[PDB]
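First comes one chain, alone, set out as structure tokens in the form deposited in one PDB entry.
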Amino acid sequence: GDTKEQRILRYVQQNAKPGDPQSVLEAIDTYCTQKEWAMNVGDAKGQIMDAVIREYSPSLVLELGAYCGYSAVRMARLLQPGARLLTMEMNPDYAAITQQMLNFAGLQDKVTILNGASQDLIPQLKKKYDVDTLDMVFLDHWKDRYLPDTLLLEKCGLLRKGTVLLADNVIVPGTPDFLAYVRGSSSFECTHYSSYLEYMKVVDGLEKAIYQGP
């Protein structure tokens, strides 16, 4: 049966230019603005995400929550040669859509999709995926997981001094426990970026929280 995510992918395949990431983004944003809302980070917050990627030039980025691959396309198109994005997605239907989206955009060789729940996969990164530490983490999964995954990332030794966490939706729907943690901790230097919830003019924001060590 047909789904929102299939409709988004078909719209991209119909209208965007193969191998052109910006065209893929614009197609998604046009479809979601004109026809059907979706939980992509969107262009307004996406421009802030772009600025963070450019500033920090991360070699290894971890995304929590891929969905249809919008944010993965956004980040991966700005990664330097040899840099990599790992993106965790627990829903196999969405992981499949994301793979096709990346393939269409021509970014598949810069991204690895990890199928599973972040709480299960994060502790396997050092053993199974050869990870030392992460340069950046984009949190955009179910909001109740931001805090426990942040703690787990620290416990597992995946954060180093200067690792950038970038969290979506800290205003709407809101991530109160995660914000209280990073804003209460001397291990994080934080900046708030006020913006808009995807495809609307309701205010939302991203939190940049840079790990300083224990």
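Residues that one form lacks are left out of the comparison. Rigid core here is just the name for the largest C-alpha set that superposes within 1.5 Å across the two forms. Note that residue numbering begins at 1 and tracks the sequence as displayed.
Another form, the form deposited in another entry, is not on view; read the next lines as being about it.
Trainee: Identify which of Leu60, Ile48, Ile171, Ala38 has its C-alpha displaced by 2 Å or more between the shown form and the other one once the rigid core is superposed.
Mentor: Spelled out, the residue whose C-alpha shifts by 2 Å or more is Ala38.
Trainee: After superposing the rigid core, is the C-alpha displacement of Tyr11 2 Å or more between the shown form and the other one?
Mentor: After core superposition, the C-alpha of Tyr11 moves less than 2 Å between the shown form and the other one.
Trainee: For a quick test of reading the superposition: does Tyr193 move by 2 Å or more at the CA between the shown form and the other one, rigid core aligned?
Mentor: No, shifts by less than 2 Å.
Trainee: Do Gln34 and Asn40 have their C-alpha atoms closer or farther apart in the other entry than here, with the shift being 3 angstroms or more?
Mentor: Closer together, which means the C-alphas of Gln34 and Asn40 are at least 3 Å nearer in the other entry.
Trainee: Which is it in the other entry for the CA atoms of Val202 and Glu189, closer or farther than here, knowing they shift by 3 Å or more?
Mentor: Relative to the displayed form, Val202 and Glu189 draw closer in the other entry - a change of at least 3 Å between their C-alphas.
Trainee: Using the rigid core for the fit, write out the stretches of 3 or more consecutive residues with CA shifts of 2 Å or more between the shown form and the other one, ordered by sequence.
Mentor: The segments that shift (3 or more residues, C-alpha shift of 2 Å or more) are 38-43, 196-204.
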